[PDB]
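K.L.:
Residue numbers (the authors' numbering), protein chains in the order written: chain B, 210 to 630; chain D, 1 to 219; chain F, 1 to 218; chain C, 1 to 133, 139 to 219; chain E, 1 to 134, 140 to 220.
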Amino acid sequence: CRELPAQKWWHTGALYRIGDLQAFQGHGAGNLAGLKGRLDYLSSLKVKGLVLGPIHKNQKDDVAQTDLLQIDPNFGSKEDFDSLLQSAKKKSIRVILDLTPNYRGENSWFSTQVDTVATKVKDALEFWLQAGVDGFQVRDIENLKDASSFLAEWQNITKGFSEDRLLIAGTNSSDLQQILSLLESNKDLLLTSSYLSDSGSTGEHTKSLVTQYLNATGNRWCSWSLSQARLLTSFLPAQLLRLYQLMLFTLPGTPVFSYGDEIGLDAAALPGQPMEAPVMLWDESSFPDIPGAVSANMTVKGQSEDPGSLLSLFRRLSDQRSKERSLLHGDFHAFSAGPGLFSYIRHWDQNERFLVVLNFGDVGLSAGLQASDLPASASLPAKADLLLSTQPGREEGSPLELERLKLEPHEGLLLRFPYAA
Amino acid sequence: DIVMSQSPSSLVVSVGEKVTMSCXXXXXXXXXXXXXXXXXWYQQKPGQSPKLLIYXXXXXXXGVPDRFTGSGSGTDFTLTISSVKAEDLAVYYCXXXXXXXXXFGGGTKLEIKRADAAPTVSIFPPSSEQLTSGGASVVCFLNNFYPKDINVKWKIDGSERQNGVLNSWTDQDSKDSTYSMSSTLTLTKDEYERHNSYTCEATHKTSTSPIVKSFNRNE
Amino acid sequence: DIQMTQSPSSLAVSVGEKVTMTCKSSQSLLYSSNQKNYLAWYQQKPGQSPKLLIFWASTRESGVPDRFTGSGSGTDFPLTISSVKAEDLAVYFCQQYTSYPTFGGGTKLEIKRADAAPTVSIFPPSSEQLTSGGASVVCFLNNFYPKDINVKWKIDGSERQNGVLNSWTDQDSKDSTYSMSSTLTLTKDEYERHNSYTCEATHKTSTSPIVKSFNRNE
Amino acid sequence: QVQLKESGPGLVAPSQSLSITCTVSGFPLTXXXXXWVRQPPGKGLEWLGXXXXXXXXXXXXXXXXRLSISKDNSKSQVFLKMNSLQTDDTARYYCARXXXXXXXXXXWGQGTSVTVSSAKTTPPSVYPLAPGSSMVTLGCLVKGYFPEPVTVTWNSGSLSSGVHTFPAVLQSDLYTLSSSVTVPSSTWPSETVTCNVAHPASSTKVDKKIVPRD
Amino acid sequence: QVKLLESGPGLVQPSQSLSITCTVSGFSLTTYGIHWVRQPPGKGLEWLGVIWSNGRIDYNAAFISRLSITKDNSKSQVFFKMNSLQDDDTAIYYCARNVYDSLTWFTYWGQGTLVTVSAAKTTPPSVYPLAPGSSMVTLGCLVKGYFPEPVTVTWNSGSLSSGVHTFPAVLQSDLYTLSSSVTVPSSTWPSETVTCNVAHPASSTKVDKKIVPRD
Ligand SMILES: *[C@@H]1O[C@H](CO)[C@@H](O[C@@H]2O[C@H](CO)[C@@H](O)[C@H](O)[C@H]2NC(C)=O)[C@H](O)[C@H]1NC(C)=O
Ligand SMILES: *[C@@H]1O[C@H](CO)[C@@H](O)[C@H](O)[C@H]1NC(C)=O
Ligand SMILES: *[C@@H]1O[C@H](CO)[C@@H](O)[C@H](O)[C@H]1NC(C)=O
Ligand SMILES: *[C@@H]1O[C@H](CO)[C@@H](O)[C@H](O)[C@H]1NC(C)=O
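1. Between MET140 (chain C) and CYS200 (chain D), what straight-line distance do the alpha-carbon atoms span, to the nearest angstrom?
2. Within 10 Å of its beta-carbon, does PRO152 (chain C) have 16 or more other beta-carbons around it, so buried, or fewer, so exposed?
3. Keeping to the same chain, check which residues put their C-beta closer than 8 Å to that of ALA242 (chain B); ignore five residues upstream and five downstream.
4. Could you have a look at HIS265 (chain B) and say whether DSSP puts it in helix, strand or coil?
5. Determine whether the beta carbon atoms of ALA90 (chain F) and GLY70 (chain F) lie at a separation below 8 Å.
6. Comparing the C-beta of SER183 (chain C) with each C-beta of chain D, is any distance below 8 Å?
7. If you measure from the beta carbon of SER99 (chain F) to each beta carbon in chain B, is any gap under 8 Å?
8. Could you tell me whether the Cβ atoms of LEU578 (chain B) and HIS542 (chain B) are closer together than 8 Å?
9. Roughly how many angstroms lie between the CA atoms of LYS85 (chain D) and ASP66 (chain D), to the nearest whole one?
10. With respect to 7 Å, is the separation between the Cβ of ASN381 (chain B) and the closest non-hydrogen atom of ligand 1 below this value?
11. If you scan the segment 40-91 of chain D from start to end, which runs of the beta strand (DSSP E) of 3 or more residues do you find wholly inside it?
12. With three or more beta-carbon pairs closer than 8 Å as the criterion, would you say the segment 70-83 of chain F touches the segment 15-35 of chain F?
13. Can the beta-carbon of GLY549 (chain B) be found less than 8 Å from the beta-carbon of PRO618 (chain B)?
14. Which word fits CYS210 (chain B), buried or exposed, when buried means at least 16 other C-beta atoms lie within 10 angstroms of its C-beta?
15. Should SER125 (chain C) and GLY149 (chain C) be called a contact, given that it needs their Cβ atoms to be closer than 8 Å?
16. Span of the beta strand (DSSP E) holding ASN143 (chain F)?
17. Could you check if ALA543 (chain B) belongs to the surroundings of ligand 3, using beta carbon to heavy atom distance under 7 Å?
18. Roughly how many whole angstroms lie between the Cα atoms of residue 226 (chain D) and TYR146 (chain D)?
19. Would you check if the distance between the CB atom of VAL115 (chain E) and the CB atom of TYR93 (chain E) is smaller than 8 Å?
20. So what does DSSP say about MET82 (chain E), is it helix, strand or coil?
21. So does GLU154 (chain E) have its beta carbon nearer than 7 Å to some heavy atom of ligand 1?
22. What are the boundary residues of the alpha helix (DSSP H) that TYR250 (chain B) is part of?
23. Do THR90 (chain E) and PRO155 (chain E) have their CB atoms nearer than 8 Å?
24. Identify every run of the alpha helix (DSSP H) within the segment 127-166 of chain D, keeping only runs that are complete inside it and at least 4 residues long; order them along the chain.
25. Runs of 3 residues minimum, wholly inside the segment 179-216 of chain F: which ones carry the beta strand (DSSP E) assignment?
26. Quick check: is the beta carbon of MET507 (chain B) nearer than 8 Å to any beta carbon in chain E?
27. Just the C-alpha distance for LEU18 (chain E) and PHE80 (chain E), rounded to the nearest angstrom, thanks.
28. Could you have a look at residue 635 (chain B) and say whether DSSP puts it in helix, strand or coil?
29. Using only the heavy atoms of ligand 1, determine whether one of them is closer than 7 Å to the beta carbon of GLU485 (chain B).
30. Which residues end up in the neighbourhood of ligand 3 when you take C-beta atoms closer than 7 Å to any of its heavy atoms?
31. Just the C-alpha distance for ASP271 (chain B) and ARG313 (chain B), rounded to the nearest angstrom, thanks.
32. Three Cβ pairs or more, each shorter than 8 Å: is that satisfied between the segment 518-526 of chain B and the segment 552-560 of chain B?
33. Taking the continuous beta strand (DSSP E) assigned at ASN201 (chain C), which residues delimit it?
34. Give the range of the alpha helix (DSSP H) segment to which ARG534 (chain B) is assigned.
35. Helix, strand or coil: how does DSSP classify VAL147 (chain C) here?
36. Hey, is the segment 342-349 of chain B in contact with the segment 373-389 of chain B, meaning 3+ C-beta pairs nearer than 8 Å?
Take a look at the structure:
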């Protein structure tokens, strides 16, 4: 029948992005060695890796003292870091590093004398690969001049020492003729952009924005993220925050979050915190500058006990992302549907099939599934047994007929139906 | 589906008397996931399309005079106007907003209380253009009176004519809050011309005296 | 959003004694992971913008004498002054940290004092002003404690009421007195139409009107 | 601005199908969702469907088997095709816009009526009204017509204040109505007073100025 | 040290714009936040928005985007821009500072700026000398005919401050007018030259008046 395409380590789950480590685990303990009690927590969401913030020593805007080969001593020391990498494989969670030299100036790439900067990061690839870490990340490559010609050898060396590494690039330009002009010959790298950033006032362009991208890409493997370094909630309403992790997980790509968005952390309505890096609220002792803006349910220790949270969803949607086979590497078919929603399917011949129906409206629309276009190897049955619903009030386990479905307003769905063919 | 019922059917309200009406829904329209309410009020003056006033039960649309402050939550809502103006006679529907088959409300009739004014009766003879055709119809307007309940009566040469009566009320007026009425008695060519005097009588609530304008064929 | 209901609108206490300024609010101010409650107090001297007194509901800022200390827990808390001085006459504030919309209102301190007979001084208008066609004879009433006083203007022995604006001051930091100006306004023509213009004091400390007047020929 | 033009009212024989047009302007149509509603006069209001920017319809279940919503994206007009026109389809249809996926019908059209009976389209017969023997009133009688909408406007909108057009009443397959306007006595022998009978579904416009009596 | 001074226009008309620049003298902005707090006189304080050290800007819940406060570390200036003013917002607007991260207001500018909103014109005042006619002898000094309240009057440029009193101004005929009195020793008055010194910043008129003893 079918011989399985090979599985690498990062199709099999989720990433995680941390910008400011001192902001992640709370104040004071801004050490690399501090985030080792937290790695038991990150294996609750079961992400299959994380990218760690830029810890190389870097005087702001200074060329001669900006060295990618040693840790900025605010964060700890180099021998602290090998205790981090060794302890992380106790939970099978990879580590990736930033390699943008400037990250305290505005332009993050030192636009004057470009080639010496790339020459600096070219040597920096070899030392960290011999240091045992696996994967890098560059941001704002459009600030770098001629970024495609330099993207080759950085891909080449991280494929050189092994082929189980990773090389993530980033950009901001959301035009498709710039985006796939990077992926045209450079195919074995992930990329994150601001392509899905510009929502058309609560998601009017989204059902086109997934499909046009997923068609023009030639069905490679890509990566799904709102932006390269910012949170989820700095673009969206807080009412759509349960209808994107449903979409960002079951799409065919690599889910790239940031930190704190498994709470749905709000950078707004928190004063004194910057736009790039709020603090993550482990319990009530995470923000003592003001006791007022921190509620009870905006914390981990508020949502870890309620099953109808956002985190309790996120502990049962990433779990379905890494486990079931069709959501891993399956095939994606988005059939036509009603006026103001978006829906698709994922199939893998004899495995389970997962039916997704979303609701980007604001009303109580009834779901008109008007498919008629699928192959008969994967087409609609009568009933589906309703795996997951983003809003409480239904069964999550009952078989429901499809053409009398009656979605609630702003509710997406996860429907699981067997082969039966 | 959601049942949209409307409690007051008609309203007499004086100028500045704080209009308040209500509408009842079948289930709740307060979805406890966004914790907002979904209902909407529509206003239609006679001869126009309806117009949007309130969305999501508490907001005002762009370009509205702010006398309209609707309220309420749960299975019952209230449209509350602070004080009426000269142009507020309309029909006021309620709407489901969060459903599939968006069922509107029933309707209500807002009319304004006003002082009692008397008509200005005018009766006109049939023109020679109609009498060219062999047709005839006498026309008797009744303009700018507040009491709706009215009595028109007709007489031919003094002898009372009860048949042949066509009535035409109008809506309440937009300025003086009055009604109006015409009366057309259509007859043939010679049945017109076999009789001389024609009598249109206006029997009103504002006075005991019938304001009777009348004319004769030879006049 | 918290609101800070301070209890006294004003308070009148002679020197050396003890007062209580309290404030009431809606919510529990004690952030329970700590044991502190988030709070402040401010002292607005008149004419000046205020300064700190107390942070964290019981401390002192550096350089403030220890007559004032704050107590209280949870939602209701006083200030207390262990002894009141003469310079401590001000307006006292309750202001907030906990939720981010922060403020409260301000109470007033006044002080009891020995009474003082006023000092009256009259002033005839100038060669500069009457050249410009306006006539305004003014009177000064300095240095009295009991606040309600009535100035009386009189023209040629007759009681005149119209054309007079009055203005008090605040209670002074040093001697805790008051001072008041009464400004007659008239025309130069009505000014020269008389001789006698009279400034009279209706005061509490005695019943005699302490009179000041002058005749215009002088 | 939001401006929504229509065809006005039209007439077809019963058990038929027809195109009810809604030409819109002042905004790009793809940025919103146009919907249609149904009102017979003296009754409630009923919603039937909504198209969208991708020519996708989500119709109502009650009027489901007897509607057909479509669209012409190019000419900025949303059509509608009724079918099997029975008796009580004589009602009003408004082409009402709303915010995209919100269902807040803010901008309505002028609305259109539809009539289904096999009687003929006929031009109206007009009769001016001259008074008998200050403030006086004048009239303009129109009888014998059955295309339904008529707007009559005096002197092409020159006189506008005291006009009360009376409603149309049906008798013997023909409607008729009465005009009314109160004009001061110094104007009528001296100025222009011309009743103008505009009839859209007969495509006829007739003007009649009132000559004094004898 | 911690020293503030700010630059306000004093008075602008109803429904107009405003620009207050707080030039922090002595300490760098990038570790301490800067608030703004307004005060209509004789009434309570009401919050306005902060600028933190990063560039994160807040406002009040009562008005989210009526206000626009921009910080610029170029010349240590903190810009303030409020739009659509009314006569119900005549107040004292002043700079402020927090304790490092929380909301203990460590200082303020001790002067502040008293801004009032009206359609009347600012007019330069008129100073009038007052020496008595017919021990301790009290003198005074009138200034008259000015719309904005900021006018201050000192005696020999702040030489005597203890025995002096200054009266508030009262609005009449669209004109505020105050006086200031001083207990004067009789050893000084016809011998030491008394100098009434009037200062109105909104008129920008600094004129000095030597008080002549009377005839
Ligand atoms: C998206 O990225 C572009 C490319 O860097 C940004 O545009 C540049 O911004 C820098 C900022 O210093 C300027 O010096 C350049 O002149 C800009 N133009 C170009 C062509 O490089 C742009 O600001 C970014 N936009 C967003 C929304 O992130
Ligand atoms: C870079 O990649 C190309 C393509 O496979 C390869 O031919 C070349 O040898 C690589 N560079 C090095 C230094 O190996
Ligand atoms: C992708 O879209 C383009 C235009 O939208 C279309 O021409 C092309 O056929 C699509 N790709 C596939 C594989 O159908
Ligand atoms: C947490 O609950 C409060 C109600 O106590 C609510 O106001 C707030 O919006 C909730 N947090 C989020 C992120 O929705």
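Where is the CB? At the ideal position from N, CA and C, for every residue including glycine.
P.N.:
Quick answer:
1. For the pair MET140 (chain C) and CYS200 (chain D), the Cα-to-Cα distance works out to about 20 Å.
2. buried
3. Close CB contacts of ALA242 (chain B) within its chain, under the 8 Å cut and outside five residues either way in sequence, are with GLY285, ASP289, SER292, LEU293 (chain order).
4. strand
5. no
6. Interface flag for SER183 (chain C) against chain D is set, since a Cβ pair is found closer than 8 Å.
7. yes
8. no
9. 12 Å
10. For ligand 1, at least one heavy atom lies less than 7 Å from the Cβ of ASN381 (chain B).
11. 51-55, 71-73, 76-80
12. Output reads yes: the segment 15-35 of chain F touches the segment 70-83 of chain F.
13. Contact: no.
14. exposed
15. Taking 8 Å as the Cβ cut-off, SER125 (chain C) and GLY149 (chain C) qualify as a contacting pair.
16. Per DSSP, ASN143 (chain F) is one residue of the beta strand (DSSP E) stretching across 138-144.
17. no
18. Residue numbering for chain D in the displayed model covers 1 to 219; residue 226 (chain D) lies beyond these limits and cannot be assessed.
19. yes
20. Here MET82 (chain E) sits in strand by DSSP.
21. no
22. 247-251
23. no
24. 128-132
25. Taken in chain order, the unbroken stretches of beta strand (DSSP E) that lie wholly in the segment 179-216 of chain F and span 3 residues or more are 196-202, 212-215.
26. no
27. 8 Å
28. Nothing in the structure corresponds to residue 635 (chain B), since chain B is present only between 210 and 630.
29. no
30. B:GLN421, B:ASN424, B:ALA425
31. 10 Å
32. no
33. 199-204
34. 534-538
35. Three-state result, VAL147 (chain C): strand.
36. Yes, the segment 342-349 of chain B touches the segment 373-389 of chain B.
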